[PDB]
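This report concerns only the one structure given below.
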Amino acid sequence: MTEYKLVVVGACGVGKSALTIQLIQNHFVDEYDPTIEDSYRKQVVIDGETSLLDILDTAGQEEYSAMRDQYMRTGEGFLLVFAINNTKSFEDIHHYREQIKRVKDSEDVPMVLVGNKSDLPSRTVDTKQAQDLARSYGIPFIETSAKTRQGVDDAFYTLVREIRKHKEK
Ligand SMILES: CCC(=O)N1CCN(c2ncnc3cc(-c4c(C)ccc5[nH]ncc45)c(Cl)cc23)CC1
Ligand SMILES: Nc1nc2c(ncn2[C@@H]2O[C@H](COP(=O)(O)OP(=O)(O)O)[C@@H](O)[C@H]2O)c(=O)[nH]1
Ligand SMILES: [Mg+2]
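The authors' numbering numbers the first residue of the sequence shown as 1 and each following residue consecutively.
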């Protein structure tokens, strides 16, 4: 069966765990321990293809090692998550993109920029700013809400379609 190794990255509190649980369980979590990093498998049909998604929700303390780089290198596609009400989380996207570039030795890694918490009225990051960054990286931008499920399937399925496009190259 076709397996896709997806990794959800971004700053603390942006909704990585909530997005992962909404995708896997169809449930919104108000609290998910920030020390729990784990991977979840889900079978899905995307464009007629039965796909096994293995989703790693990154967490814990910021720490680095050769072993951690070897592990992150196995990810096939990355969701770069920020929260639309947190400018710092948007500025932090650069760090996550550079760490993926560093470990993959490539400027062509499947990724999708995700602007989460789109249900909140307290926006500080304009959609145009996020589209401009995504255009600079050459990747799609998807607005999501783990709370209402807006854009969740689209964010993960678009990443899978980007991995397929990359594998065809
Ligand atoms: C609130 C707790 C929480 O959600 N955290 C989010 C993940 N954390 C990280 N913080 C800072 N930079 C990080 C950098 C990386 C990383 C990436 C994206 C790619 C290759 C890599 N090689 N080595 C590290 C690395 C990852 Cl996976 C996590 C980071 C802790 C806080
Ligand atoms: N309103 C709203 N809250 C969200 C959303 N996604 C996550 N949250 C909340 O934001 C907090 C941090 O979410 P979490 O998934 O733990 O973030 P993580 O540290 O990136 O894993 C939690 O209280 C979540 O319930 C969202 O789309 N909208
Ligand atoms: Mg988390």
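We put the CB at the ideal spot given by N, CA and C, even for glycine.
**OP:** Please say whether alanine 146 and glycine 15 have beta carbons closer to each other than 9 Å?
**Re:** yes
Subject >> Beta-carbon proximity of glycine 10 to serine 89, cut-off 9 Å >> reply: yes
Original post:
Going by the C-beta, is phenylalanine 28 closer than 8 Å to any heavy atom of ligand 2?
Top reply: yes
**OP:** From the DSSP output, read off the bridge partner residues of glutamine 43.
**Re:** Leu52
Original post:
When you compare each of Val8, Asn85, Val29, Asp69 to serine 122 by their alpha carbons, which one comes out closest?
Top reply: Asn85
Original post:
When every heavy atom of ligand 2 is checked, does at least one fall within less than 8 Å of the C-beta of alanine 59?
Top reply: yes
**OP:** Determine the burial state of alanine 66: buried for a count of at least 16 other Cβ atoms within 10 Å of its Cβ, exposed for fewer.
**Re:** exposed
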